[PDB]
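Here's the structure, in structure tokens; my notes come after.
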Amino acid sequence: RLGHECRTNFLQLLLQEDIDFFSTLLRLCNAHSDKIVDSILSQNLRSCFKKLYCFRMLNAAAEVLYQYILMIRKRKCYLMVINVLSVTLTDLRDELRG
Amino acid sequence: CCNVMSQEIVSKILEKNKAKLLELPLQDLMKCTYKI
Amino acid sequence: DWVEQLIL
Amino acid sequence: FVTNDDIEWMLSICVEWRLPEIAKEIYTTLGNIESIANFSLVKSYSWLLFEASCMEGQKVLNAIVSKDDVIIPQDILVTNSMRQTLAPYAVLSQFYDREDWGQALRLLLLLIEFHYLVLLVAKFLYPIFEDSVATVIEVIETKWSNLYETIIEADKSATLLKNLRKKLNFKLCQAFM
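Chains as they are written, first to last, in the authors' numbering: chain A, 890 to 895, 901 to 913, 917 to 931, 943 to 955, 960 to 971, 976 to 987, 994 to 1008, 1025 to 1036; chain F, 657 to 673, 681 to 689, 703 to 712; chain E, 92 to 99; chain S, 513 to 544, 553 to 560, 567 to 585, 590 to 597, 603 to 612, 616 to 634, 638 to 655, 661 to 675, 685 to 699, 707 to 719, 725 to 744.
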């Protein structure tokens, strides 16, 4: 990946084949890090499990995806959102209380 | 204001696609980190 | 018993 | 009264005549670390509970009994006591991966039921550093003075920030899993 980055649809198909081992590798790459590649990845992920992968990769996209899916589960989502953010928090709290 | 800032950042990124560029540069935080 | 009283 | 027997005689007379308010008073006079352990009104019990929690966070026969010896077990045979017993069990589990997780869960549950305790819990989590765990962490963040700050300083030898960082790390770990 890093090699070719430094034929985009080809890579899209390769990653298509990749999609558990692939996810682990991605997690590893993100940990190591801590454009085109990023966008392609985001698109493939957008194509529970989904939300998690999206969040992990983006580490705003996470929050947006979670909110969309929400639009036990509710509590978990609101909670995850609040922790990530730490207006939005107040709204989430009010919703959970309502 | 934050939205406008993000838009400006996106526009700058589009324009880029050395010293002057560095001068111009000087979730949003995550993006900045990825850029660096 | 001790673990039922802790959960309560 | 001076002896134990003297007191027991008094009590026996309070029983025989039904003077619970009297017995309660006599005993109150008796209550006024080992003495406190022997005693273990509502406010006092609460204070005792808090003290036990503080001791646990800081971290013998009495503790084991809560969780010659047979006689003691018979005599024992309240909420404060149960909490202390739970704390002891958690510490034992800690001394002994899944066990550690169960202990952490128990700790989070205790924190939910109950500031100093919360800080001790956060410290323990940081030292350790799936869905249920995340949920717990979240609830803790939602729940989140001088004594607490002092305890935090002692532990380090800012707190909220460190807690948030730990939570973020945990979330990342869950995402990787």
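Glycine residues also receive a C-beta, built at the ideal position from the N, C-alpha and C atoms.
When burial is assigned at 16 or more other CB atoms within 10 Å of the CB, is residue i buried or exposed?
i                 : result
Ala742 of chain S : buried
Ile692 of chain S : buried
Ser596 of chain S : buried
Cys966 of chain A : buried
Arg639 of chain S : exposed
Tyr984 of chain A : exposed
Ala682 of chain F : exposed
Smallest Cα separation from residue i: which of the options?
i                 : options                                   : result
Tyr539 of chain S : S:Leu646, S:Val568, S:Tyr571 and S:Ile519 : S:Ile519
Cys895 of chain A : A:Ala978, A:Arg997 and A:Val945           : A:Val945
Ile695 of chain S : S:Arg647, S:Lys536, S:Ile606 and S:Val664 : S:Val664
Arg901 of chain A : A:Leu925, A:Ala977 and A:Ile948           : A:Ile948
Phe737 of chain S : A:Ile994, A:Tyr982 and A:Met1002          : A:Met1002
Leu709 of chain S : S:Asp686, S:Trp529 and S:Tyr662           : S:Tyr662
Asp610 of chain S : S:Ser572, S:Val590, S:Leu574 and S:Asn558 : S:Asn558
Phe670 of chain S : S:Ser707, S:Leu542, S:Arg530 and S:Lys718 : S:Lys718
May I ask you to report which of helix, strand or coil DSSP gives residue i?
i                 : result
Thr515 of chain S : coil
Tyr672 of chain S : helix
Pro608 of chain S : helix
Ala578 of chain S : helix
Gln584 of chain S : helix
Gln983 of chain A : helix
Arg732 of chain S : helix
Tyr710 of chain S : helix
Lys711 of chain F : helix
Please return the same chain residues whose Cβ sits closer than 8 Å to the Cβ of residue i, not counting the five positions on each side in sequence.
i                 : result
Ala668 of chain S : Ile695, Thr726, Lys729, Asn730 and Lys733
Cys960 of chain A : none
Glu577 of chain S : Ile556
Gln632 of chain S : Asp641 and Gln644
Who are the Cβ neighbours of residue i in its own chain at under 6 Å, not counting the five residues just before and after it?
i                 : result
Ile607 of chain S : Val595
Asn952 of chain A : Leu909
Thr623 of chain S : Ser596 and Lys597
Just to make sure I have the definition right: I need the residues of chain D whose C-beta is within less than 7 Å of the C-beta of residue i. Which are they?
i                 : result
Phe743 of chain S : The chain labelled as chain D is not found among the protein chains of the depicted structure, namely A, F, E and S.
Who are the Cβ neighbours of residue i in its own chain at under 7 Å, not counting the five residues just before and after it?
i                 : result
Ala628 of chain S : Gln644, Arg647 and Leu648
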